[PDB]
Amino acid sequence: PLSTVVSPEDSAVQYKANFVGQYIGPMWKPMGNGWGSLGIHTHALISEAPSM
Amino acid sequence: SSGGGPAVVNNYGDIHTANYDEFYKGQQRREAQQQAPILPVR
Amino acid sequence: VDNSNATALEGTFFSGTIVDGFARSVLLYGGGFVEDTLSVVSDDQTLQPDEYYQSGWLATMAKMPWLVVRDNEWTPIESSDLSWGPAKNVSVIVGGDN
Amino acid sequence: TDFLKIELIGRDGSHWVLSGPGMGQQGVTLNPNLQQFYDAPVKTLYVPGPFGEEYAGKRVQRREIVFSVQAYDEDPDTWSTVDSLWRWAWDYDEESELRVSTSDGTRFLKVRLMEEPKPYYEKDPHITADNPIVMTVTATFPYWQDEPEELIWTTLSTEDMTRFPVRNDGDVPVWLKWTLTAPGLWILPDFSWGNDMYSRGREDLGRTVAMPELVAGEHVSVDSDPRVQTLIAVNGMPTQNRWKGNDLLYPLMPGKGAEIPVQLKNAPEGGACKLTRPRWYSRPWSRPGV
Amino acid sequence: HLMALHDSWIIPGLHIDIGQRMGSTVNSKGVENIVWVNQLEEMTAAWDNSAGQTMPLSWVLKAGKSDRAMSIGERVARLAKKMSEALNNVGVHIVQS
Amino acid sequence: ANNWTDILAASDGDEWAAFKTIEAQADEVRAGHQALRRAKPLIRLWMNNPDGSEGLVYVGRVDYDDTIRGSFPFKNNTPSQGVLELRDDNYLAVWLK
Amino acid sequence: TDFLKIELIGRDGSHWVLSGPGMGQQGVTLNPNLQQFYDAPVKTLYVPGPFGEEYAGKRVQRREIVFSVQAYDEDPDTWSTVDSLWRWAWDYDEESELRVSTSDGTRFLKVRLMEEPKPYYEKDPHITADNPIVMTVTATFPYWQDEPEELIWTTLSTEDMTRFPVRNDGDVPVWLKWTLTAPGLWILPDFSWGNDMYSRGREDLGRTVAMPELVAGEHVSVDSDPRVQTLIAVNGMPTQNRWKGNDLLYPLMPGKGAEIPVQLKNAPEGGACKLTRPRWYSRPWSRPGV
Amino acid sequence: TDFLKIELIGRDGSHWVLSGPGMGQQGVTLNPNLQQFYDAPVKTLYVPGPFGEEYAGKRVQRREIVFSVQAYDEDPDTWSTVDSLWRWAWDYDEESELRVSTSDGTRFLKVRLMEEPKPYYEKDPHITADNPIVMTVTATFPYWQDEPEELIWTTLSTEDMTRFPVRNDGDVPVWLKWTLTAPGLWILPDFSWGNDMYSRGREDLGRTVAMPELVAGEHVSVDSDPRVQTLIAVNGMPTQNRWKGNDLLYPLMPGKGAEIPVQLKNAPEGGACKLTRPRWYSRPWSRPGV
Amino acid sequence: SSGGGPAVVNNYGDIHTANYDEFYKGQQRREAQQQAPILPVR
Amino acid sequence: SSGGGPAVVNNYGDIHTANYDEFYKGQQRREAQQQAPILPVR
Amino acid sequence: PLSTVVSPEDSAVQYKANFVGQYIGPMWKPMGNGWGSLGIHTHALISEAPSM
C-alpha cells in the first residue's frame, strides 16, 4: 500500500558520560578484547574525577 | 404470556425504560405555553 | 414578644462551642446608633430564670438559651443544609425627595 | 451444640430454648439459615477524590433478622397451644429478648416483629402439628449487650474526689451513664480517649465538665448516649435547661480505660455517685479485646 | 443557537470570545447552506468528577440572544429586576406634597 | 520561512521525505492545539489582607482532580454564578468553613 | 503455590498467611474467586464525536475487593478463638495491610471493611468448626505499593545545592513529598517530565519553584499529591499564605527520572531536606517496564 | 486458519500473533467469541410520520470490542513474564494497533483499554500457567483502515494546474488531506460526487474552493475530516482566520472517482502539492466494491 | 456477555436505579445558578 | 430470601415502579404551599 | 501488641515556645478573657527577645 518507504527523519541527538559510578555500564560496548575489558580508574592521587 | 411480563410492565407504567430529562423538558414546555403569552413584553 | 433577647441589657448567646457551651454577648451601638457590634461578657454572671427551678418546665427563656442540637456520627437528627454567606454592601443610600 | 445456646424471652416473660442444650423442650426449635444475626450491619461512606473515592465515615444500621422456627407436638391441640404461645411471645410495639450463651458469656439482643409472621405449610397445620413459622424481626439497637458494669461511690464530705476504673473490652464504643445525688456541684470526666471525631483527640485527653449546681431533691441521671437527653432530674426540674448548652461528647472507645476522676463540691450532706458502663458487642460471641 | 463543544477543535476564549461574531449551521433540510451569524453571548465551562456520572471539562456556547426562547424562570427574573429598578426610579422621582 | 526548495534540499531531493517533514510539523502544531484545549484549569482562592491593607493574599489552590464538580459561565454584560463543589476534608473547604 | 504468597497484617498487627508457603498456619486460608484484586479499576471517559464518541480521559476507581476466607480448626473452642482473632484483625475506620509476595517483590494494599462480614454456614458454626467468612474490603487508594524511597541531604553551609536521584519504575505517576528544615530559602524541582496536563510540557521541563523564606522553627512538609495541602508548617503558621499563587503541579511520570536539583540559600545553620518518593503499581506483580 | 491472521502491535511496539499462521508463538492466543469486531456499529434515526416512522439518517458508533486471550507457558515464571508483557502491550491513554490480514490485504484498527482487564481463573494463575485475560477494548475511530493512497505533484511554474486520479474503493466515505507548500494561492476541489447531504448534490458537482494566499514559509495541511481543524500552517500562523468562513464540505463518496483538479497561482518559486486519500472500511475484510 | 445485560441497561439509561429527588434538586440548582445573579436585592 | 430480591429493591428505592407525574405534582404542591401565602392578592 | 508498640499515653512529652516570630500560635488557648487577650511584645528598647 505504501508508494515508497523512506528513512525516517531522524533529528539531532546528544549523549554525555562522566564515569562517576562504580562500573562502566552497558552504554559502552567493549570491542577487540571482548567483554570485561574496560574499567574505571579513580586517580585520587591528583584528586581528579574518575576516568575510563 | 402477555399477563405477567413486559406486557404488564406496560400497565405498570414507566417502571422500566423512562428518562427524567424529556419529562422535565415537557413539563417546562407546558408551563411555558401556559405562562408565555401573559408575560409582559418589558 | 422578645424571644431572641438580643437587644436586652444583659444580652444573650450569639455563639458557642461544644466544649465550652454558649458565649454571652451584648450589643454595643456605634456613633449614630446605626451600627451595632457584639461585645463579649468576659465575666458572665447572669442568674438563671426562676422557671428553670420549677418542676415540669421545658421551655426556653429568652435570657438563657440552652438548646444545642449536636450533629456527629451518632446524631439523633438529620442535618440538611448549613449555609453561611458574608455581608454584601458596605454603604446604603436611602432618600428621594425631602 | 453444647458450645452455643440460643434463647428467647418474650414480651410476656416466657422462656424458649431455640438451640443448644435443652432445645425444643417448649416445642419450638430453630431452623438453619438465620441472617443478619452475627455481625452488626455497618455501611461505609465515600466521597469523590483524586484517586477515586475517599473514606467519609461509617454508620451502623439496624438489624433485619429473618429466621425460621419449627413448632411441633404429637397432638394438634397441644401444637395449637404451642403455636399460640409462640405468637403471644412477640409484639410490634414492645421488644423481646434474644439471648446467645457461649464460653464468652451471655449476650442479648432486643428484637421486635418487623412485620407479620408467616406461619404453617401450604396445607392446614393440624395435619402435621409440626409447622414452620418465618419471623422477620428487627433490632433497632443493633449491638449485642451484656449486663452493664456498675460502680458506686458515697461520701459524707462537703468536698471530695474519687476515681472510677473504666475499660471498654468490647469492639464498639460505649456511652457512660451517671447517677448523681443532690445537692452538690459535680464535675464529671469526658475524656476523649484519643478520639479525633471533633479534631480534639489530644486536646480533650483530660476534659472535665461541671454539671450545674443541683438543688435539694434534684438527683440527676446523666446519660451520654445520643438516644437519650443527657441530663434528667428525678423531680422533673430542667437541669439541662440550666446547664448553658454544654454536653458530654465522647464515648469510651474500644481498648481504652483509665481511673476517671469524679469531683463533688458544695455538698453539705455528702452525696453519692453511680457509674454505669455498658457492655456492647458487635457479635453474639467474641474473645475479649485488649 | 445552543452548541456543546465536546471534542471540537474550537477553543473557547482563545479562538472565540464573548461578544465576538461567529457563524453556525444546523443540519436541517432547507437551512443546510445557511450560516446563522451571531455574536457569542454565553459560554459555560462545566465538569463533574462524581463516580456515578463523570463529565470532563466541557464548554457549552450560546450564540445570539432571544427573549422569546428564554426560559420562563429567566424571563420572570429579568422582568422582576427591570420592574424593581423602574419602581426605584419612579419612587425617587415622586414629587412631595 | 523554510521554502519548498530548502526543505527538499534538506531532505536530499526526496519529495516524500520533505512532505513527511511538513506533515510532522503540522502534526506537532495540531498536538499543541489539542494540549492547549485539554489543559486542566487552575483554581485558586485568595483573600483580603487581614491587617486591612490592599492586595489580595493567596489562600490556596484547588486541584481539578480534587474537585467534585464545577460550573463557570461567561456571559455578555450579565452577571453569572460560578459553582464549585468540594469534599469537606479538602483543605480549602475546611478553610472556607 | 510457592510463586505467590498472600499475607494480611491486621489493624492490631496480627500476621496471617492466607495463600502460599505457610498458608493456614494461623487457621485461616483463602478461598478461590477473589475479584478486583489484580488490576486497578479504571473507567475511561468518552464524549460525543464525529465518528461516535471521542476519548476524553480516564478516572481510576477505588478497589472493591470481595473475597472469602476459611477459618478452620480441629476443636470448636479453638475455632472460635481463631474466628474472633480474624475478626479483630479488621476494622472500618482504620486500615489493614494485604501483602503479595512474588519474584517481582512484595507489594501491599491498604484495605478496610466496606461492610459487615458474612460468616459461617446456615447452621451453627461450632458443628463443623471449619467455616467461611465472606469479606468485602475496599482500597481507597487503589494502587499496590512498595515501601517508598527516602533520601536525606543535610548541609552546614549557608548556600548549597544537591542532586536527588529520582526514578519512576511503576506504571502510574507518583507524587513526591519533601521535608524541609527551617530557617532558609528552598528551591525545589517541579519538572513536568513531559507531562502536558497544563499545556506546558516543554516549557516546564526544567521548572523550579521557590518556597517562601522560612523563619526559625517553621519546618515544612511539602506534599505534591492532591489529597494533602502542599505546604504545612509544623508550628501551624500559614506558610502557604506567603507564596503568591504558586504550587507544585507535576507528578513523576512513569519511566522518567533524573537528578532533580534542590537548592538551599540564606540558611544560617544549614538545613536538611528529605525526599520521599512512593512506589505505586496497578498490579500485585509485574515485570519492570521501560 | 491460514485464510486469516490477527496481530496486535502494542503501545510499546511489541508484536503478537493472536490467530492465523504462527499464532501463539509469543505465548498469547485468541479465544473464540469476539464481539463488535467485524461490522462497524451504526444506529439509524427515525422521525414520526404518517405511515409510522420516516428514515432520518445514520450515525456510526464507537466499537466496544470484548475479547478473550489465553496466555500460556510451560513454567509459571515464563508465564508471568508473558502475562506482564501482554499487560504492557495495552494502555488507556494511547492506542495499540490490531491488524487483520486476509486475501483482501491487511487492515488495522486502533484500540485502547476501555476498562481494566479481567485476568486469570478463580484460583491463582501460577497453578496452571495457562490463563485467560478478558479485554474490553474500544475503537474511537470504528472503521478498519489501510495505508492511504498518496500522490505528489511539484511544479516550477508560477501558474499551473494538475489532475489527481481519486477513487473510493471502500464502503464508507473518506475525507481527503492536502499538503500545500508556500508561497502561492491554491484552488482545491471539493466535489460533491453527487452527494445530497446539503441539498446541493449536482449543484456542487464541480465545486472548487480557493485557499487564502499563503505567505513565504506558511506550508499548510488541509484536512477535510471533521475530527481535526481544516487549515493548519506549519509556522503556526492562523491561516483559517484569513479563510472567511470557507471549508471543505464533501467527502469522497464510495464508488466515486475522477481526476480532481488542483490549481496553483501567484507562486514565484513554484510549489508542491500532496494528496492523501484514506482507505477506510467497515469490515476487517471485504472484496473491492465498484 | 456485555450486550444483553446490565452493560446494555447502562446504554438504556436510568431504567434501573435512578432517583427523582436528586434529579429535581439538580435541575433546581441549575435554574438557581441561571437566575440568582439577575434577581434584585430588594 | 429478602436479601437479593424485591426486599433489597425497596432499599434501592424508586428503581422499579415509581411514576414521575406524582413526584412532579408533589414538588409543585410543596412549592405552592411555601410560596402561596406570601404571594400578593393583586 | 502491648509489649511491641508504645501507647501515646505511655509517652513522655516535652514542649517548647520562644515567641521569636511575634506570633502566639495555635498551641496557647486563652483562658478567662477569650480570644484576642494574648499578645507579643517586642521589647526593642532593650536588646531582648520578644515576650508573651
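So that you can tell them apart, the chains are marked A, B, C, D, E, F, G, H, I, J and K in the order they are listed, and the count of residues begins at 1 in each.
Operating definition for what follows: a contact is a pair of C-beta atoms (placed from the backbone, for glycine too) under 8 Å apart; a residue touches a chain by one contact, two chains touch by 3 or more.
Visitor: To reach chain D from chain B by way of touching chains, what is the minimum number of steps?
Guide: So the least number of steps between the two chains is 2.
Visitor: Sort out for me whether C-D or G-K is joined by the greater number of C-beta contact pairs.
Guide: C-D
Visitor: Expressed in ° and rounded to a multiple of 5, what is the rotation angle of the C-alpha superposition of chain B on chain J?
Guide: Angle of the fitting rotation, chain B to chain J: 120 degrees.
Visitor: As a quick test, compute the distance in whole Å between the mean CA positions of chain E and chain H.
Guide: Centre separation, chain E to chain H: 36 Å.
Visitor: Hey, how far is the Cα centre of chain D from the one of chain K, in Å?
Guide: 43
Visitor: Please work out the Cα centroid separation of chain H and chain K, and write it as a whole number of Å.
Guide: Centres of chain H and chain K (C-alpha means) sit 68 Å apart.
Visitor: Mind pulling the residue numbers of chain C that touch at least two other chains?
Guide: Nothing qualifies.
Visitor: Specify, in ascending order, the residues of chain K that touch 2 or more different other chains.
Guide: Residues 1.
Visitor: Among the residues of chain J, which are close enough to touch at least two other chains?
Guide: 18, 20, 24
Visitor: Determine which chains touch and list them pairwise.
Guide: Applying the touch criterion to every chain pair yields A-F, A-H, B-E, B-I, B-J, C-D, C-E, C-K, D-E, D-F, D-G, D-J, D-K, E-F, E-G, E-H, E-I, F-G, F-H, F-I, G-H, G-K, H-I, I-J.
Visitor: Would you tell me which residues of chain G are touching chain F in their complex?
Guide: 196-199, 201, 226-230, 240-241, 243-247
Visitor: In the complex of these two chains, what residues of chain G are touching chain K?
Guide: 12-13, 215-218, 235-237
Visitor: Show me the residue ranges of chain A that touch chain F in the complex, using the header's touch definition.
Guide: 3-4, 6-7, 9
Visitor: Where on chain K is chain G touching in the complex?
Guide: Its residues touching chain G are 1, 4-5, 18, 20-21, 23, 25-27.
Visitor: Sort out for me which residues of chain C touch chain K in the complex.
Guide: The touching residues are 23, 40, 42.
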